[PDB]
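Participant: Pasting coords-v1.txt here (compact mmCIF, N, CA and C atoms):
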# COMPACT_ATOMS: atom_id res chain seq x y z
N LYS A 438 30.76 1.16 17.36
CA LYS A 438 31.57 0.76 16.22
C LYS A 438 31.55 1.82 15.12
N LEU A 439 32.70 2.02 14.49
CA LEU A 439 32.81 2.82 13.27
C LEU A 439 32.95 1.88 12.08
N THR A 440 32.08 2.04 11.09
CA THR A 440 32.10 1.16 9.93
C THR A 440 33.25 1.53 8.98
N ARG A 441 33.76 0.50 8.30
CA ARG A 441 34.94 0.53 7.44
C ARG A 441 36.07 1.36 8.05
N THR A 442 36.19 1.32 9.37
CA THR A 442 37.26 2.02 10.06
C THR A 442 37.98 1.03 10.95
N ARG A 443 39.30 1.22 11.08
CA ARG A 443 40.14 0.32 11.87
C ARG A 443 39.96 0.60 13.36
N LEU A 444 38.70 0.60 13.79
CA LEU A 444 38.33 1.01 15.14
C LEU A 444 37.06 0.28 15.53
N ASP A 445 37.08 -0.37 16.69
CA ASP A 445 35.93 -1.14 17.15
C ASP A 445 36.08 -1.41 18.64
N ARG A 446 34.98 -1.87 19.25
CA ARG A 446 34.89 -2.12 20.68
C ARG A 446 35.25 -0.89 21.52
N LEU A 447 34.78 0.28 21.12
CA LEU A 447 35.00 1.47 21.93
C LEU A 447 34.09 1.47 23.16
N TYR A 448 34.52 2.23 24.17
CA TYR A 448 33.79 2.35 25.42
C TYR A 448 33.57 3.82 25.74
N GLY A 449 32.39 4.12 26.25
CA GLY A 449 32.00 5.48 26.57
C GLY A 449 31.00 6.01 25.55
N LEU A 450 29.99 6.71 26.04
CA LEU A 450 28.93 7.20 25.17
C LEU A 450 29.46 8.36 24.34
N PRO A 451 29.48 8.25 23.02
CA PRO A 451 30.15 9.25 22.18
C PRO A 451 29.32 10.53 22.06
N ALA A 452 29.81 11.42 21.20
CA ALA A 452 29.28 12.78 21.08
C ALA A 452 28.66 13.06 19.71
N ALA A 453 28.10 12.05 19.05
CA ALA A 453 27.54 12.33 17.73
C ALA A 453 26.05 12.63 17.79
N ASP A 454 25.24 11.66 18.23
CA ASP A 454 23.79 11.80 18.34
C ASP A 454 23.31 11.07 19.60
N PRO A 455 23.61 11.58 20.79
CA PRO A 455 23.32 10.83 22.01
C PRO A 455 21.84 10.77 22.38
N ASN A 456 21.01 11.61 21.77
CA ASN A 456 19.63 11.73 22.21
C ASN A 456 18.71 10.65 21.67
N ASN A 457 19.19 9.81 20.75
CA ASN A 457 18.45 8.64 20.26
C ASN A 457 17.06 9.00 19.74
N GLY A 458 16.83 10.27 19.42
CA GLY A 458 15.50 10.75 19.13
C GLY A 458 14.59 10.86 20.33
N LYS A 459 14.93 10.21 21.44
CA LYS A 459 14.15 10.36 22.66
C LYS A 459 14.16 11.82 23.10
N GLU A 460 13.01 12.30 23.57
CA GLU A 460 12.89 13.71 23.90
C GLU A 460 13.60 14.07 25.20
N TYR A 461 13.59 13.17 26.19
CA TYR A 461 14.14 13.51 27.49
C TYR A 461 14.68 12.28 28.20
N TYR A 462 15.56 12.53 29.16
CA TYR A 462 16.21 11.50 29.96
C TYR A 462 15.86 11.76 31.42
N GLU A 463 14.84 11.07 31.92
CA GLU A 463 14.23 11.39 33.20
C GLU A 463 15.02 10.81 34.37
N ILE A 464 15.15 11.60 35.44
CA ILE A 464 15.75 11.15 36.69
C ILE A 464 14.83 11.56 37.83
N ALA A 465 14.48 10.61 38.68
CA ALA A 465 13.60 10.84 39.82
C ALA A 465 14.39 10.70 41.12
N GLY A 466 13.75 11.05 42.22
CA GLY A 466 14.36 10.94 43.53
C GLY A 466 13.94 12.09 44.43
N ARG A 467 14.27 11.94 45.71
CA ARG A 467 13.98 12.97 46.68
C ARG A 467 14.99 14.11 46.57
N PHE A 468 14.74 15.18 47.32
CA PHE A 468 15.63 16.33 47.33
C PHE A 468 15.42 17.08 48.64
N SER A 469 16.46 17.15 49.46
CA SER A 469 16.37 17.77 50.78
C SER A 469 16.92 19.19 50.75
N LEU A 470 16.23 20.08 51.46
CA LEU A 470 16.63 21.48 51.55
C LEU A 470 16.23 21.99 52.92
N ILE A 471 17.21 22.45 53.69
CA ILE A 471 16.98 22.92 55.06
C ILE A 471 17.31 24.40 55.08
N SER A 472 17.01 25.08 53.97
CA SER A 472 17.36 26.49 53.81
C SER A 472 16.77 27.34 54.93
N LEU A 473 17.31 28.55 55.07
CA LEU A 473 17.09 29.40 56.23
C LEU A 473 17.05 30.86 55.79
N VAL A 474 15.90 31.50 55.99
CA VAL A 474 15.67 32.87 55.54
C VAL A 474 15.69 33.80 56.75
N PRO A 475 15.82 35.12 56.57
CA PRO A 475 15.82 36.03 57.73
C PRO A 475 14.43 36.21 58.33
N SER A 476 13.96 35.18 59.03
CA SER A 476 12.69 35.27 59.74
C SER A 476 12.79 36.28 60.88
N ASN A 477 11.74 37.06 61.06
CA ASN A 477 11.74 38.06 62.12
C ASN A 477 11.64 37.38 63.48
N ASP A 478 11.89 38.17 64.53
CA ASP A 478 11.77 37.65 65.89
C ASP A 478 10.35 37.17 66.17
N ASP A 479 9.36 37.78 65.52
CA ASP A 479 7.97 37.37 65.66
C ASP A 479 7.76 35.99 65.05
N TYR A 480 7.45 35.00 65.89
CA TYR A 480 7.31 33.63 65.41
C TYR A 480 6.11 33.48 64.48
N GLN A 481 5.12 34.36 64.62
CA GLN A 481 3.90 34.26 63.85
C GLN A 481 4.10 34.74 62.42
N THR A 482 5.26 35.32 62.13
CA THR A 482 5.51 35.92 60.82
C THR A 482 6.40 35.00 59.99
N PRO A 483 5.86 34.33 58.98
CA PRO A 483 6.71 33.52 58.10
C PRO A 483 7.23 34.30 56.91
N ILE A 484 8.54 34.25 56.68
CA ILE A 484 9.15 34.85 55.49
C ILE A 484 9.17 33.78 54.40
N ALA A 485 8.59 34.11 53.25
CA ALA A 485 8.35 33.11 52.21
C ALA A 485 8.92 33.51 50.85
N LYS B 438 16.35 -27.09 -34.94
CA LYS B 438 15.80 -27.07 -36.28
C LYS B 438 15.34 -25.66 -36.64
N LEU B 439 15.30 -25.38 -37.94
CA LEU B 439 14.65 -24.19 -38.47
C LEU B 439 13.81 -24.61 -39.67
N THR B 440 12.51 -24.32 -39.61
CA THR B 440 11.58 -24.74 -40.65
C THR B 440 11.19 -23.56 -41.53
N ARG B 441 10.81 -23.88 -42.77
CA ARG B 441 10.41 -22.89 -43.76
C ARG B 441 11.54 -21.89 -44.01
N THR B 442 12.78 -22.36 -43.87
CA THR B 442 13.95 -21.53 -44.13
C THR B 442 14.96 -22.36 -44.89
N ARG B 443 15.82 -21.67 -45.63
CA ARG B 443 16.92 -22.32 -46.33
C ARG B 443 18.22 -22.28 -45.55
N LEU B 444 18.23 -21.65 -44.38
CA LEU B 444 19.35 -21.70 -43.45
C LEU B 444 18.81 -22.29 -42.15
N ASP B 445 19.10 -23.56 -41.92
CA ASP B 445 18.47 -24.33 -40.86
C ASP B 445 19.53 -24.94 -39.96
N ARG B 446 19.06 -25.60 -38.90
CA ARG B 446 19.93 -26.27 -37.93
C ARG B 446 20.97 -25.32 -37.36
N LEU B 447 20.54 -24.10 -37.03
CA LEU B 447 21.42 -23.12 -36.41
C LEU B 447 21.71 -23.57 -34.98
N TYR B 448 22.99 -23.66 -34.64
CA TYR B 448 23.42 -24.23 -33.37
C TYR B 448 24.02 -23.16 -32.47
N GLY B 449 23.51 -23.10 -31.24
CA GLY B 449 23.93 -22.10 -30.27
C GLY B 449 22.83 -21.11 -29.96
N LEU B 450 23.11 -20.25 -28.99
CA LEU B 450 22.16 -19.20 -28.64
C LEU B 450 22.13 -18.13 -29.72
N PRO B 451 20.98 -17.85 -30.32
CA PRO B 451 20.85 -16.67 -31.18
C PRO B 451 20.86 -15.41 -30.32
N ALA B 452 20.70 -14.27 -30.99
CA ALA B 452 20.75 -12.98 -30.34
C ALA B 452 19.37 -12.44 -29.96
N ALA B 453 18.31 -13.23 -30.13
CA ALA B 453 16.97 -12.68 -30.08
C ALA B 453 16.35 -12.71 -28.68
N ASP B 454 16.18 -13.90 -28.12
CA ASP B 454 15.33 -14.03 -26.94
C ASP B 454 15.55 -15.29 -26.11
N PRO B 455 16.25 -15.20 -24.99
CA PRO B 455 16.27 -16.30 -24.02
C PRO B 455 15.24 -16.17 -22.89
N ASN B 456 14.44 -15.10 -22.87
CA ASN B 456 13.44 -14.96 -21.82
C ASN B 456 12.42 -16.09 -21.87
N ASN B 457 11.64 -16.17 -22.95
CA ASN B 457 10.72 -17.27 -23.22
C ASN B 457 9.77 -17.54 -22.06
N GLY B 458 9.54 -16.56 -21.20
CA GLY B 458 8.77 -16.78 -20.00
C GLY B 458 9.53 -17.43 -18.87
N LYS B 459 10.81 -17.73 -19.06
CA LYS B 459 11.63 -18.27 -17.99
C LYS B 459 11.82 -17.22 -16.90
N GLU B 460 11.64 -17.64 -15.65
CA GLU B 460 11.70 -16.71 -14.53
C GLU B 460 13.07 -16.05 -14.46
N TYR B 461 14.13 -16.85 -14.48
CA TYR B 461 15.50 -16.34 -14.40
C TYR B 461 16.44 -17.46 -14.84
N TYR B 462 17.73 -17.15 -14.86
CA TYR B 462 18.77 -18.12 -15.17
C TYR B 462 19.64 -18.27 -13.92
N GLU B 463 19.40 -19.33 -13.17
CA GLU B 463 20.01 -19.53 -11.86
C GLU B 463 21.28 -20.36 -11.99
N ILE B 464 22.38 -19.84 -11.46
CA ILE B 464 23.65 -20.55 -11.40
C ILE B 464 24.19 -20.37 -9.98
N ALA B 465 23.97 -21.36 -9.13
CA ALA B 465 24.44 -21.30 -7.76
C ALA B 465 25.91 -21.71 -7.71
N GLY B 466 26.50 -21.61 -6.54
CA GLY B 466 27.89 -21.96 -6.37
C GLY B 466 28.43 -21.38 -5.07
N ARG B 467 29.73 -21.10 -5.07
CA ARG B 467 30.41 -20.61 -3.88
C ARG B 467 31.52 -19.67 -4.30
N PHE B 468 31.96 -18.84 -3.36
CA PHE B 468 33.20 -18.09 -3.47
C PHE B 468 34.23 -18.61 -2.47
N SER B 469 35.49 -18.27 -2.73
CA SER B 469 36.57 -18.49 -1.77
C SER B 469 37.62 -17.43 -2.04
N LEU B 470 37.67 -16.40 -1.20
CA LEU B 470 38.53 -15.25 -1.39
C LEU B 470 39.51 -15.13 -0.24
N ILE B 471 40.80 -15.05 -0.56
CA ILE B 471 41.85 -14.75 0.40
C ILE B 471 42.26 -13.30 0.14
N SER B 472 42.02 -12.43 1.11
CA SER B 472 42.13 -10.99 0.92
C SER B 472 43.09 -10.38 1.93
N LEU B 473 43.91 -9.45 1.46
CA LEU B 473 44.71 -8.62 2.35
C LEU B 473 43.85 -7.48 2.87
N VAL B 474 43.66 -7.41 4.18
CA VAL B 474 42.68 -6.48 4.75
C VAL B 474 43.25 -5.80 5.99
N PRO B 475 43.13 -4.47 6.10
CA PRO B 475 43.69 -3.77 7.26
C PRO B 475 42.68 -3.50 8.36
N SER B 476 41.40 -3.76 8.09
CA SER B 476 40.33 -3.29 8.96
C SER B 476 39.99 -4.26 10.09
N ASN B 477 40.60 -5.43 10.13
CA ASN B 477 40.32 -6.42 11.17
C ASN B 477 41.37 -6.41 12.28
N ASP B 478 41.91 -5.25 12.62
CA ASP B 478 42.87 -5.14 13.72
C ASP B 478 42.13 -4.85 15.02
N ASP B 479 42.01 -5.86 15.87
CA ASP B 479 41.42 -5.73 17.20
C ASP B 479 42.47 -5.45 18.26
N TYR B 480 43.54 -4.75 17.88
CA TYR B 480 44.80 -4.83 18.61
C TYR B 480 45.17 -3.48 19.22
N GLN B 481 45.14 -2.40 18.45
CA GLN B 481 45.61 -1.10 18.91
C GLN B 481 44.55 -0.39 19.75
N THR B 482 44.02 -1.07 20.75
CA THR B 482 42.96 -0.49 21.55
C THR B 482 43.54 0.26 22.74
N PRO B 483 43.01 1.45 23.05
CA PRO B 483 43.46 2.17 24.24
C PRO B 483 42.99 1.49 25.52
N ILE B 484 43.65 1.85 26.62
CA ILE B 484 43.33 1.33 27.95
C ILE B 484 41.99 1.92 28.39
N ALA B 485 41.43 1.37 29.46
CA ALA B 485 40.12 1.75 30.00
C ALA B 485 38.99 1.32 29.08
Represent the structure from my file as structure tokens, please.

Facilitator:
Amino acid sequence: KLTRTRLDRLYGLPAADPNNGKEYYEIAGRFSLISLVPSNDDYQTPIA
Amino acid sequence: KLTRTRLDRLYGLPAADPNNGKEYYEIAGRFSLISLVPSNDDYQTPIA
């Protein structure tokens, strides 16, 4: 809501002060990565 | 009444002191206001 303004019941998080003073907005979850590096023909040699 | 004076029986509030240790002067009641107001338009709202 905007006070003393002909505007109310807006939807969507606005762009004035979204951080609420809270320091961070945490998101958790898994993360998969099947990346592939130029490993040599020698199986005993890991490229890291 | 006014004693020890030649101008006595003064009627009405003088200009000196209505405090007299009285907490306040309470006059309750009500208002009734019919006002022309532009800020209560719940109408011109965008979609979504």

Participant: For chain B, which residue among A:438, A:446, A:467, A:459 is the nearest when counting only N, CA and C atoms?

Facilitator: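 Going through A:438, A:446, A:467, A:459 one by one, the smallest distance to chain B is for A:446.
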
Participant: Grab the atom N of residue B:455 to atom CA of residue B:443 distance for me, in Å with one decimal place.

Facilitator: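 Taking atom N of residue B:455 as the start and atom CA of residue B:443 as the end point, the length is 22.5 Å.
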
Participant: Tell me, counting only N, CA and C atoms, for each residue of chain B within 6.5 Å of chain A, which pair of atoms is nearest and how far apart they are in Å to one decimal, in rows ordered by chain and increasing number, as a tab-separated table.

Facilitator:
residue	atom	partner	partner_atom	distance
B:475	C	A:443	CA	5.8
B:476	CA	A:443	CA	4.6
B:477	N	A:443	CA	6.0
B:478	N	A:443	CA	5.9
B:485	C	A:448	CA	6.4

Participant: State the Cα RMSD (Å, one decimal) obtained when chain A is least-squares superposed onto chain B, all Cα atoms paired in order.

Facilitator: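 Rounded to one decimal, the C-alpha RMSD is 5.2 Å.
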
Participant: For atom CA of residue B:454 and atom N of residue B:466, quote the distance in Å rounded to one decimal.

Facilitator: 24.5 Å

Participant: In Å to one decimal, how far is atom C of residue B:483 from atom N of residue A:439?

Facilitator: 15.1 Å
